[PDB]
Amino acid sequence: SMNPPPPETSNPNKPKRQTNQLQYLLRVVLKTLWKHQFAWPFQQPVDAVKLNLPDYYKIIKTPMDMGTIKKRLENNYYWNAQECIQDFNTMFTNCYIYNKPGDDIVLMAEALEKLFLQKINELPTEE
Ligand SMILES: C[C@@H]1C(=O)N(C)CCN1CCOc1ccc(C2CCN(c3ccc4nnc(Cl)n4n3)CC2)cc1
């Protein structure tokens, strides 16, 4: 089977704005998670062809990864911080859905998620 197209990261028809929350989501949240020791399987869309995961896209219908989230923040694709937070949550839950409790990839996702939740609990109030 083929991989689906990646999630859209840019759209010239969507309106754009700059907020302190979206700035914090790129500057603090994504930059911190990106450097984490267990971030590398989550830095690009799951390549089910190269990774030999033929049922991945039969089970995961809403794929999401940090490479996509970063490109969306860098392209001013998100209007609300909540859209970015939901993408981080979709990424984690996809991993828990496809994999099983105790799998190393799940342990890796759980560690990035705990860090994510710490940095999101310190999200600055909207200026
Ligand atoms: C479906 C799934 C997914 O959810 N995502 C998002 C992308 C990935 N993908 C497929 C699964 O990928 C994985 C990517 C990385 C790993 C880790 C597991 C832990 N570790 C080890 C462990 C023991 C060991 N002994 N000697 C070496 Cl060396 N090691 N290294 C490094 C590689 C596991 C699965």
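Here we summarise the structure given alongside this text. (Residues numbered from 1 in each chain as written, not as in the entry; some residues may be left out. Heavy atoms only, no water.)

Brief notes about the overall build of the protein chain
Scanning the protein chain from N- to C-terminus turns up five helices and zero strands. Along the protein chain, helices (α) and strands (β) appear in the sequence α-α-α-α-α when read from the amino end. Here the C-alpha atoms of the protein chain give a radius of gyration of 15 Å, agreeing with the 14 Å that 2.2 N^0.38 yields for 127 residues. In the protein chain, which comprises 127 residues, the share counted as buried stands at 36%. Put simply, 75% of the contacts in the protein chain that link residues at least 6 apart link residues at least 24 apart. (Helix = DSSP H or I, 4+ residues; strand = E, 2+ residues; numbered from the N terminus. Rg over C-alpha atoms; globule rule 2.2 N^0.38 Å. Buried < 20%, exposed > 50% of the residue type's maximum accessible area, 1.4 Å probe, protein only. Contact = heavy atoms within 4.5 Å.)

Here we look at unusual backbone geometry
With a phi angle near 55°, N52 is a residue other than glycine that sits in the positive phi range. Topologically, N52 is positioned in the loop between α1 (20-35) and α2 (56-59). Phi is positive for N76, close to 55°, though the residue is something other than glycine. The residue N76 is located in the loop between α3 (66-74) and α4 (81-98) in this model.

Details of the site of the ligand
All residues in the neighbourhood of the ligand are listed as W40, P41, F42, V46, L53, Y56, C95, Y98, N99, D104, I105 and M108. Contact between the ligand and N99: an oxygen atom at 3.1 Å from a side-chain N or O atom of the residue. Protein chains bury 51% of the 720 Å² of accessible surface belonging to the ligand in isolation. Among the secondary structure elements, those contributing two or more residues to the shell around the ligand are α4 and α5 (104-121). The biggest single contributor to the shell around the ligand is α5, with three residues. Classifying every residue of the shell around the ligand by side-chain character gives ten nonpolar, one polar and one charged. (Near = heavy atom within 4 Å. Polar contact = N/O pair within 3.5 Å; in protein donor to acceptor, adjacent residues only side chain to side chain. Areas by Shrake-Rupley, 256 points an atom, 1.4 Å probe, with all protein chains shown as cover. Nonpolar A, V, L, I, M, F, W, Y, C, P; charged D, E, K, R; others polar.)

Overview of the pattern of salt bridges
Scanning the entire structure with this criterion turns up three salt bridges. The shortest N-O distance in the salt bridge between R72 and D87 comes to 2.9 Å. Of this pair, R72 sits in helix α3 while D87 sits in helix α4, placing them 15 residues apart in sequence. (Salt bridge = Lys/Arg side-chain N within 4 Å of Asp/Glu carboxyl O.)

Considerations on the packing of aromatic side chains
Within this structure, the stated rule accounts for five aromatic pairs. Between the aromatic rings of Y56 and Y98, the centroid separation amounts to 4.9 Å while the plane-to-plane angle is 55°, which identifies the pairing as tilted. Of this pair, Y56 sits in helix α2 while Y98 is found in helix α4, placing the two residues 42 residues apart along the sequence. Site record: aromatic cluster; members linked through ring pairs are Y56, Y57 and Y98. (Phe/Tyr/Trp six-rings, centres within 6.5 Å; stacked < 30°, edge-to-face > 60°.)

Describing α4
Since there are 3.6 residues in each turn of an α-helix, residues three or four apart along the chain are aligned in direction. Across its 18 residues, α4 extends 26 Å between first and last C-alpha, which sits within 8% of the 26 Å expected from 1.5 Å per residue. For α4, the full list of buried residues reads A81, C84, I85, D87, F88, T90, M91, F92, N94 and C95. Those residues of α4 that are buried lie in contact with α1, α2, α3 and α5. (Expected span 1.5 Å × (residues − 1).)

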